[PDB]
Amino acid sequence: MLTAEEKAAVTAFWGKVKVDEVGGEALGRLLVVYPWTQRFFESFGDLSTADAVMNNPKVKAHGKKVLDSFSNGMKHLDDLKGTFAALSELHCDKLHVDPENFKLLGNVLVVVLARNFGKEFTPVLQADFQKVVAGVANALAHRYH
């Protein structure tokens, strides 16, 4: 996972993140950029256009919960597997989400942090977060491994 310096830089940065807004944007972007992911959100309502997706109340409410779980992961970087154990079982056994999709969301989250933070999201900090989201995606995919 991460070195002590990588952990501290990642933690300090995460404190600036408006978790609710970033979650809605990331989940929204996932459904727009990778539109098959919308199938899992059939019951969320209107998903016919990019604007409808981004402004969908349920997409935004749900992105919040996603990013809250990510924030929890940020407090447990040493044991992401144990931290996401319940969510790994849910997404596999009950939701049948292909693990490739976990990597796509992780990457969309990275792109969202870049858009929201501009040059503050440095190459080094992006690299640190590439490890985090790779670690989270693998923790979620454990029920396949």
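Note that residue numbering begins at 1 and tracks the sequence as displayed.
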query: Of 129-137 and 12-20, the stretch whose C-alpha atoms average the higher B-factor in the entry; finding: 12-20
query: 22-30 versus 36-44 - greater average Cα B-factor per the deposited record; finding: 36-44
query: Given 76, 94, 103, 115, the residue at which the Cα B factor reaches its maximum; finding: 94
query: Residue 107 - Cα temperature factor, lowest/middle/highest third of chain; finding: lowest
